[PDB]
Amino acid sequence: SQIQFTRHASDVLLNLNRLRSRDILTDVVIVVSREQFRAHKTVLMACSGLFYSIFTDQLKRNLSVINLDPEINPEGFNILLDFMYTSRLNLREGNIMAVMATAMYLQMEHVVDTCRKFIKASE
């Protein structure tokens, strides 16, 4: 209720990312143009509208391997998967179009909105 620990959510995310690094309790591999990325389905559901919609179905929820569209940039996905587990992203001239496209595909509204703003600032 009234007492909050201000670093708690960030510490939880840090520890979740450590479990990912160690391959502890990971339950899915995402495949993007023949590159593989291990993850926790709970984190994917909590961060992406696409994964949320897919994994609410019990059948697709049980899948151990999930393929993304073969036109998705794996580095864009890598960037966004690391964002899920850290809250941080490098948004720069050389990657903004791939990140925005990938964030649109994953239904990550706040990243999309930020990308939009950054693109509009450069006309």
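Residue indices: 1-based, along the sequence shown.
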Higher of the two mean Cα B-factors (43-51, 85-93; per PDB record) comes from 85-93
Assert higher mean C-alpha B factor (76-84 or 59-67, deposited values) equals 59-67
Of the three thirds of the chain ranked by Cα temperature factor, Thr26 occupies the lowest
By the entry's values, the third containing the CA B factor of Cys115 is the highest
